[PDB]
4 protein chains.
Amino acid sequence: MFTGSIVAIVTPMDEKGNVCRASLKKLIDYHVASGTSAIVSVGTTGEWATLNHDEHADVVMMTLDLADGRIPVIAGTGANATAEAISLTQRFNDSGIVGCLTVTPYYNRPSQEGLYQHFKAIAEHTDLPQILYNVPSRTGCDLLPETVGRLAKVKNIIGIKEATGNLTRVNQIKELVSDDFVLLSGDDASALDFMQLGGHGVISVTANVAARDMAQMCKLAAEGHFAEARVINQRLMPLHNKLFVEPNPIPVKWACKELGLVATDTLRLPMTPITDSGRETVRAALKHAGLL
Amino acid sequence: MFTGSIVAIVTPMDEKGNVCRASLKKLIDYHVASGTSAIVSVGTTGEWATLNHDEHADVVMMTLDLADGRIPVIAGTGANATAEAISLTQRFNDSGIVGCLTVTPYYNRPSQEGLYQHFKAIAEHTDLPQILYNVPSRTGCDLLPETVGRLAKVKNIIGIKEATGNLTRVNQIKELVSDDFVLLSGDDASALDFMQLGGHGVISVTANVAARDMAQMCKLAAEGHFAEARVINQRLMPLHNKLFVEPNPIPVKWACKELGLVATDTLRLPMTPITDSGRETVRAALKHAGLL
Amino acid sequence: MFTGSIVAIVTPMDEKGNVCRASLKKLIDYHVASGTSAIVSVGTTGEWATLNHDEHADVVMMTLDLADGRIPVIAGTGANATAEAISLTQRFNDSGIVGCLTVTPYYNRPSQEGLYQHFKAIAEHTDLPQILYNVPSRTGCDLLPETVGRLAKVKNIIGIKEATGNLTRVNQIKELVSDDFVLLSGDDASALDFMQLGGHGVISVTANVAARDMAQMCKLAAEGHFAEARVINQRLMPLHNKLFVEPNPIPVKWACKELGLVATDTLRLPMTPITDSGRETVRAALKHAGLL
Amino acid sequence: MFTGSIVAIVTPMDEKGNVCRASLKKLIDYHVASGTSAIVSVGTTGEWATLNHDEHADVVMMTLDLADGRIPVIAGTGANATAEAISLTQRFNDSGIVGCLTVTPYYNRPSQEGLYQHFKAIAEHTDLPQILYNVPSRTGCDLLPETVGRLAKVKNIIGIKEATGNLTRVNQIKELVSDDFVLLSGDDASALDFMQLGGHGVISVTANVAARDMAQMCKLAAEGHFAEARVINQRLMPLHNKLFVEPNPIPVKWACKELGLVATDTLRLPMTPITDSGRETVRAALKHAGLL
Ligand SMILES: [K+]
Ligand SMILES: [K+]
Ligand SMILES: [K+]
Ligand SMILES: [K+]
């Protein structure tokens with residue numbers, strides 16, 4: 001599933017920094033129970049940055065195992081070298097994931113033709129559906145609507161997670177792609193506006209802690225009930241902003257711990273423990289949302 | 001060691017995309033002959049991003065072999081995970097490199113305290129001298145003067161490559177660090193200005209194809225002869241700009257091939273061959289510098 | 001009227017730079033005939049910048065005279081000194097304008113409290129409805145949603161022309177103001193998106209040359225017929241961008257001349273005549289729109 | 001004339017918002033005693049934006065009277081309409097001012113060719129020396145090096161106030177103009193750096209309250225003693241920043257009142273009285289500079 005509220009799930013860790021299956025099993029049950037449409041496993045919020053390839057495969061396979069067919073799983077699979085992106089992607093064919101979320105090459109700042117070739121080659125070498133992932137603030141490059149339109153012709157490239165927060169991109173992309181190409185917000189604070197403009201869902205950090213409200217909000221949005229959806233979004237808005245008061249996923253792992261969803265809020269360096277000030281800001285956002 | 005003109009050397013490849021030893025030798029001889037002060041091996045311009053860790057180490061070890069004690073070698077050693085940066089760096093202990101050019105974590109956008117902990121831990125697990133590298137346009141992370149000041153107190157953190165192009169950083173950093181902390185430009189177009197403000201040298205892309213001019217500019221600058229240095233700078237200023245007309249190292253590899261310094265201009269995807277228009281542009285810049 | 005398509009009308013000039021009543025009368029008849037909801041007289045596109053106060057009053061009074069009750073007129077009335085804004089505004093009370101379009105103070109970059117006091121004082125000293133006008137790219141200051149919410153409580157401050165092109169502002173403002181506060185786009189290229197998000201109309205430059213299409217597009221938007229409106233907007237999109245290929249109102253006065261709506265495209269220094277390249281870009285946009 | 005420390009002098013007012021002659025005299029005596037090189041009368045810091053043309057001229061004429069030949073006076077003379085800039089400037093012919101500080105048109109955002117024509121025409125209708133003033137953060141217009149180069153060929157266009165804070169502009173401009181074209185900083189926080197790169201002085205806000213320190217810094221800089229100059233700079237650096245903690249001239253007027261240099265800190269709307277928090281901030285900056 002590639003519509004509705006999709007959670008960019010945390011990778012819960014014990015005090016040592018190792019994946020905590022008990023915590024993960026709890027999150028997964030919570031998402032099944034709360035009507036989340038799918039799980040993005042080891043994406044940005046899942047600390048894709050800092051897991052090695054072994055860990056990355058382990059988490060994805062463990063998520064699929066615990067999900068046990070109850071909710072679709074999408075793997076985070078980008079790389080900034082094309083041959084490596086192909087190679088990492090091969091390892092997930094026939095795994096049970098429904099699709100891949102693949103980020104623009106980061107650091108090396110390719111041209112639009114380079115992005116075209118990169119994503120075209122990745123799609124050529126798998127049967128899996130590919131969701132493009134654009135987030136210039138993290139990668140230093142911006143996948144533009146024209147090039148998205150070129151890529152959407154590739155049978156396997158089925159949508160985009162647009163994380164710029166630039167809402168003009170929704171209809172610039174939509175007019176260049178087919179009615180079945182999925183547009184998903186990657187920016188929680190603007191995601192309702194993004195849906196109102198014609199987007200189909202969100203790949204959400206807030207959904208880690210407000211899964212039911214997010215699923216209801218996205219459903220109402222899909223039905224065209226924007227004023228109703230916006231009541232929910234207003235109660236979530238502090239969390240949509242304050243889950244980024246320190247670098248993601250520091251605030252959201254702290255909030256998960258606070259709600260009892262995971263055992264510890266431990267992360268891997270260079271992510272640091274939440275400051276005291278951050279914890280007060282996040283606590284207040286959680287209370288505004290009604291979760292505390 | 002870490003002063004004057006330091007080349008951010010290209011990793012010349014064959015048509016297959018593997019390192020071309022004959023070409024690397026020719027480049028390294030060219031730098032020894034030209035007066036280049038040191039070589040940064042497999043940094044950004046050297047396609048750090050698209051070589052695996054073994055290929056990377058093979059290139060460094062080869063560069064060191066070919067250098068044969070005639071010119072110091074600094075290895076590119078970034079990682080966006082601290083445990084990993086430490087391992088990756090440990091491999092070069094006792095290699096013969098004189099230092100590491102270690103980039104800020106990219107993509108995961110750590111806090112300043114995160115950056116402090118990451119570099120402090122790297123430095124604690126090696127005796128290799130470490131040069132910090134700040135390039136927010138590639139990384140999404142900006143290592144601020146205050147944090148550089150904190151890090152410069154670590155024994156083996158010995159300097160910074162400041163690739164922002166923001167000249168105000170030179171004196172901000174310089175007043176927070178001791179007199180032997182090395183300040184190097186990572187932005188060719190502003191490097192002479194950077195040295196005029198108290199900088200000590202440059203890790204240069206332009207030096208790949210103008211190694212003598214760059215070594216002479218930097219000597220003039222260190223001796224206070226800025227008017228004279230600026231004459232060379234004006235000759236090179238179109239290179240300094242047009243070597244980025246397409247994503248680095250696309251232009252500089254072409255230029256190297258056109259000057260006969262390397263056999264092929266092949267790069268790895270997502271870097272793409274230079275366009276016709278980029279070629280005419282870079283060619284006019286080489287003519288203007290009198291290299292062609 | 002403060003909904004629908006409102007034209008930011010040009011001030012047509014003879015070869016000497018003086019207002020051309022014949023040309024103005026033609027534009028006004030054209031807007032009456034084409035279903036434009038209102039006319040903004042001497043706003044940004046009307047060269048408010050370069051008319052003295054005498055000329056400014058003359059143009060507004062001449063527009064009201066020629067309009068002859070057939071279409072409502074709104075005057076451009078900002079100043080960057082509060083006492084002067086009050087004083088200029090007094091001169092229009094009982095003139096027959098339906099309202100004023102008043103820009104944030106430009107150049108002196110006041111604080112949000114300063115903007116609050118400025119606009120509050122202007123509204124206090126007239127009975128005329130006031131439309132706030134936010135355009136940071138021209139003024140150097142950005143009127144934020146919070147402060148808009150404070151001002152919308154003032155009986156007389158009835159809406160905003162939001163010219164940032166930042167579509168997140170639509171619902172940030174809407175949730176802070178009453179359902180009768182009017183939100184109008186000041187950015188043609190994003191104005192349809194702005195309406196889709198909950199805005200009520202546009203204060204448009206494109207409407208100078210595509211008045212009927214703009215009025216139909218805004219009407220369909222108000223009815224919730226976004227796909228229908230977007231067909232029109234796609235044919236106008238080149239014009240929405242290329243009317244700013246050189247500084248407004250250079251392109252749009254050239255286009256008016258080309259369509260026979262005004263006698264000359266003359267403007268006042270520091271606005272310059274359209275270049276040859278600009279005229280080709282604009283001509284093509286006009287043909288894309290179906291006007292040539 | 002146009003070198004060393006030039007004060008962007010405040011227009012001190014009484015409680016009514018009119019110029020306070022006793023305060024202006026005290027300031028002008030303070031500058032003669034302190035070694036300030038010249039006074040910019042009714043520029044940005046002098047509330048050029050909120051005085052009418054007659055009030056403006058009254059302040060200049062008074063400043064000149066009070067200066068009584070002991071210190072050169074430069075008048076602020078911008079307009080965003082060329083015909084008007086010419087008239088406004090003509091009024092000072094034969095006044096006794098030594099030059100005009102003429103700002104780029106603000107709000108209407110002219111092309112570079114427009115800026116060329118505007119300043120060329122101003123210069124053609126006066127024999128007063130003209131200093132260009134580039135401050136895109138206030139004006140929305142950026143006068144580029146290439147255009148400054150074209151203008152510096154006009155006989156009486158004699159220098160530039162570069163208030164961008166972008167130090168790369170110093171040598172870009174310097175290589176395009178003759179050796180007697182004056183390059184002045186308009187950004188206190190970067191001014192010593194600016195002179196280190198070849199700049200000749202600064203039109204300073206900080207000099208209102210630290211006139212001796214600023215005159216001594218600038219002399220040290222012109223004599224090549226940058227380390228010594230930087231000591232003074234570090235003393236003043238919190239002023240250089242915190243005099244903009246609220247919109248200029250709000251902080252500097254308060255500071256002037258606290259040091260006893262002016263009777264009141266009154267400004268005209270839309271400038272607002274300093275907040276409590278801004279006051280404590282500016283007070284700590286004055287203590288740090290040893291002025292308090
Ligand atoms: K497709
Ligand atoms: K050190
Ligand atoms: K109201
Ligand atoms: K001149």
Side-chain angles (χ1 to χ4, degrees), chain A residues 2-3 78 101-106 109-120 122-123 129-145 147-154 156-178 180-187 190-191 193-203, chain B residues 247 270 272, chain C residues 164-168 185 187-197 206 226-227 229-245 281 284-285 288-289:
Chain A
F2 318 111
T3 40
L101 179 68
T102 183
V103 66
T104 66
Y106 38 92
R109 310 189 66 203
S111 63
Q112 297 299 290
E113 178 65 16
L115 294 173
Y116 179 76
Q117 296 295 338
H118 180 82
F119 285 118
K120 188 182 187 208
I122 290 156
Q130 306 294 303
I131 299 162
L132 308 167
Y133 175 21
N134 192 43
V135 59
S137 57
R138 299 184 180 279
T139 62
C141 91
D142 184 0
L143 180 65
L144 303 182
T147 314
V148 176
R150 297 228 267 156
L151 290 164
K153 297 198 162 91
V154 179
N156 248 56
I157 293 180
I158 57 135
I160 184 156
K161 174 182 176 185
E162 226 306 318
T164 57
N166 182 352
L167 292 171
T168 64
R169 293 292 173 90
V170 179
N171 284 288
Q172 295 169 162
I173 292 166
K174 171 166 166 177
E175 77 191 348
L176 303 174
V177 299
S178 86
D180 41 63
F181 193 84
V182 182
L183 287 10
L184 269 358
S185 168
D187 176 52
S190 59
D193 292 347
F194 184 107
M195 286 175 291
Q196 193 162 353
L197 286 171
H200 303 96
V202 52
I203 286 167
Chain B
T272 43
Chain C
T164 57
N166 182 352
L167 292 171
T168 64
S185 168
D187 176 52
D188 271 299
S190 59
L192 183 57
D193 292 347
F194 184 107
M195 286 175 291
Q196 193 162 353
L197 286 171
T206 305
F226 300 118
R230 184 149 277 120
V231 175
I232 303 170
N233 198 229
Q234 290 158 339
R235 79 168 164 263
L236 297 179
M237 190 58 69
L239 220 35
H240 295 325
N241 302 121
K242 302 316 180 183
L243 293 173
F244 302 83
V245 72
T281 303
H288 191 284

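Here is the naming used below: chain letters follow the sequence lines, and residue numbers restart at 1 for every chain. Computation of the quantities below employed the complete heavy-atom set of this structure, encompassing side-chain atoms and omitting hydrogens, waters and symmetry-equivalent molecules.
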Notebook entry, point to check: Which atoms form the tightest heavy-atom contact between A:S111 and B:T272, and what is the distance?
Noted result: OG-OG1, 3.6 Å
Notebook entry, point to check: So how far is it from C:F194 CZ to A:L167 CG, rounded to the nearest 0.5 Å?
Noted result: 12.5 Å
Check: Which atom names give the shortest non-hydrogen contact between C:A289 and C:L236, and what distance separates them?
Finding: CB-CD2, 4.1 Å
Notebook entry, point to check: At their closest point, which heavy atom of A:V148 faces which heavy atom of A:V177, and how far apart are they?
Noted result: O-CG1, 4.4 Å
Notebook entry, point to check: Can you check whether C:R230 reaches C:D193 side chain to side chain, under 4.5 Å on heavy atoms?
Noted result: yes
Checklist line | Sequence-distant partners of C:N166, side chain to side chain contact (heavy atoms under 4.5 Å, CB included), two or more places apart | finding: C:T164, C:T168, C:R169
Margin query: Once rounded to the nearest 0.5 Å, what's the spacing between atom CG of A:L132 and atom CG of A:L151?
Written below: 5.5 Å
Next item on the list: Verify whether one side chain among A:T147 and A:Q112 offers a donor that lies under 3.5 Å from an acceptor in the other.
Entry: yes
Margin query: Quick check: closest heavy atoms across A:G199 and A:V170, and the distance to 0.1 Å?
Written below: N-CG1, 4.0 Å
Next item on the list: For A:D142 and A:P136, indicate whether the former's side chain and the latter's backbone hold a donor-acceptor pair under 3.5 Å.
Entry: no
Checklist line | C:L243 side chain near C:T206 side chain, heavy-atom distance below 4.5 Å | finding: yes
Item checked: Any donor-acceptor pair under 3.5 Å from A:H200 side chain to A:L183 backbone -> yes
Check: Taking C-beta and beyond as the side chain, do A:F181 and A:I160 meet within less than 4.5 Å on heavy atoms?
Finding: yes
Check: Does the side chain of A:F119 reach to within under 4.5 Å of the side chain of A:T104, using non-hydrogen atoms?
Finding: yes
Check: A:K153 and A:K120: side-chain contact (heavy atoms from CB on, under 4.5 Å), yes or no, with the steps?
Finding: CA-CA 10 Å; A:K153 297 198 162 91; A:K120 188 182 187 208; over 6 Å; no
Note to self: How long is the straight-line distance from CG of A:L184 back to NZ of A:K161, given to the nearest 0.5 Å?
What the structure shows: 9.0 Å
Check: Rounded to the nearest 0.5 Å, how far does CD of A:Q172 lie from CG of A:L144?
Finding: 9.0 Å
Next item on the list: Report yes or no: does C:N233 contribute a side-chain atom to a donor-acceptor pair with the main-chain N or O of C:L192 at less than 3.5 Å?
Entry: no
Margin query: Quick one, A:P105 and A:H118 - any side-chain contact, counting heavy atoms below 4.5 Å?
Written below: yes
Next item on the list: Might you point out which heavy atoms bring C:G165 and C:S190 nearest each other, and give the distance in Å?
Entry: CA-OG, 3.8 Å
Check: Where do A:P110 and B:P270 come nearest, in terms of heavy atoms and distance?
Finding: CB-O, 3.8 Å
Check: How far does CG of A:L176 sit from CG of A:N171, to the nearest 0.5 angstrom?
Finding: 10.5 Å
Note to self: Could you measure the distance from the CZ atom of A:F2 to the CG atom of A:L101? Nearest 0.5 Å is fine.
What the structure shows: 11.0 Å
